[PDB]
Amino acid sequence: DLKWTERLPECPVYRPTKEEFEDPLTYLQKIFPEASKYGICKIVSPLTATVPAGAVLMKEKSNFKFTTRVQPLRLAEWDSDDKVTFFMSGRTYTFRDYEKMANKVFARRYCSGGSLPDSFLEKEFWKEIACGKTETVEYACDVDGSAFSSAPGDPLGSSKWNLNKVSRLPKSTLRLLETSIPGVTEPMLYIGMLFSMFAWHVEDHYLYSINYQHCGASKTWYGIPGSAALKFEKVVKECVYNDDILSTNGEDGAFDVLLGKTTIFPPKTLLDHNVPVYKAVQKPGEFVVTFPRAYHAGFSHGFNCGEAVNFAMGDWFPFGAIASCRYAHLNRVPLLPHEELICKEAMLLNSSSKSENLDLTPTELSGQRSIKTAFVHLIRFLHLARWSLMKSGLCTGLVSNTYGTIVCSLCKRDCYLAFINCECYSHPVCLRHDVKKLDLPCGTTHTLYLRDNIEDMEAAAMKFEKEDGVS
């Protein structure tokens, strides 16, 4: 029927002034207590680029080209083999040529290539999915490159809103990151065409996402509140159980695996089972932020170019925890060194300047509280694990741990404070495992690798645990 599209509630739109703009993390700090509730929000940039994105790509960068990927929008269920073969059949284009091709296919569909009204193209996307005869769209996802100008004059490029600068911003908890991560530490370019889509995802680590549209047609996002995440996944399986918008129906998967086989489904089904959905229609010059654990999907209305990066502030730390456990439960190597980030942030808060942590926003305060809580819980657990270990008498060696984060060979959880190493060095395990029941081919001698400064961190934990709101 598609009337639901017209009556979807829109997400909050903020239009700060230049003086309000500051940097995106402080701004998100300020607006968090309301936008948080929606999972998705939109910020109109009060700063214009002096050099537009096509010009920055053509002149500031040399021979910029990119390869595309082919998505099947909606068709008799595509099996994994057929899927994988055509995902990267896509040809390599030049910005100008991808634009030209997309606008030709758009003209072909609607006799003219002029942008069309948003309600029209959205209804068209959902009806095309339901019964369209077109098979595929080309989308240049995940391109490494940036359309912000390196020019010093450019007000947007020289601002702290440039995606290139965000991960190293003072309130970016990933500023502490050791090594770069594509899309996480550094932005990526997304270049779309008519009906090129991004299906429902919760991101990596429930981390925040920030996306800026540089140019082109509108982009429609559907966002779910972090609050609704469980309900979201619940309904999906039920409705995949119902054979409503049915997938391949394997019925033996982790949740993203199931999502990765479904034809993208309309928000109406989500509204029918009473899970909140908000719409954002993103134009050039607008940032869309997705909040940690906020599910979102979306599609393009035509040729367009956007730029996105994932980030974290301290309020994200509880969500990170949840992701970690799921990562472990699904026995998957985590994206981020969670424990290391807890420790580094917490010991930066410990030994603070203290001339800073006085009058500050409630959301930052809550994030600091969440960092301290994560730190205190981690140190208490590791203390009792170490006590148990010592009394077992199965731990032969103790070694000052000088490494970065390592991955436990059984669960796959990140280990920063401590791990138990073996004889060959290929079966280290986190302290969550009963060492008596370790059956390792290398032997039985177990060596505890422990961070050198554990005493300082224990003192920090005992300081924090007496502090207000950290119980």
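Numbers for residues come from their place in the sequence shown, where the first is 1.
Regarding 115-123 and 229-237, which shows the higher C-alpha temperature factor on average in the entry?
Mean B over CA atoms: larger for 229-237.
Return whichever of 88-96 and 316-324 has the greater mean Cα B factor according to the PDB record.
Averaged over C-alpha atoms, the B-factors run higher in 88-96.
Hey, out of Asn274, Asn310, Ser159, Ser400, whose CA B-factor is highest in the deposited coordinates?
Among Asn274, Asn310, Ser159, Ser400, the highest C-alpha B-factor in the entry belongs to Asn274.
For the listed residues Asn357, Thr373, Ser392, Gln282, which one has the largest C-alpha B-factor as given in the deposited model?
Among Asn357, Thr373, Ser392, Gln282, the highest C-alpha B-factor in the entry belongs to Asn357.
Sort the modelled residues of this chain by their C-alpha B factor and say whether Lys344 lands in the lowest, middle or highest third.
Middle third - that is where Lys344 ends up once the chain's C-alpha B-factors are sorted.
Where does the C-alpha B-factor of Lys463 rank in its chain, lowest, middle or highest third?
Within its chain, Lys463 is a lowest-third residue by C-alpha B-factor, going by the deposited values.
Looking at the C-alpha B-factor of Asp204, is it in the lowest, middle or highest third of its chain?
CA B-factor rank for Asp204: middle third.
Sorting the chain's modelled residues by C-alpha B-factor, tell me whether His329 ends up in the lowest, middle or highest third.
Within its chain, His329 is a highest-third residue by C-alpha B-factor, going by the deposited values.
Sorting by Cα B-factor within the chain, modelled residues only, which third would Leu189 end up in: lowest, middle or highest?
Lowest third - that is where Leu189 ends up once the chain's C-alpha B-factors are sorted.
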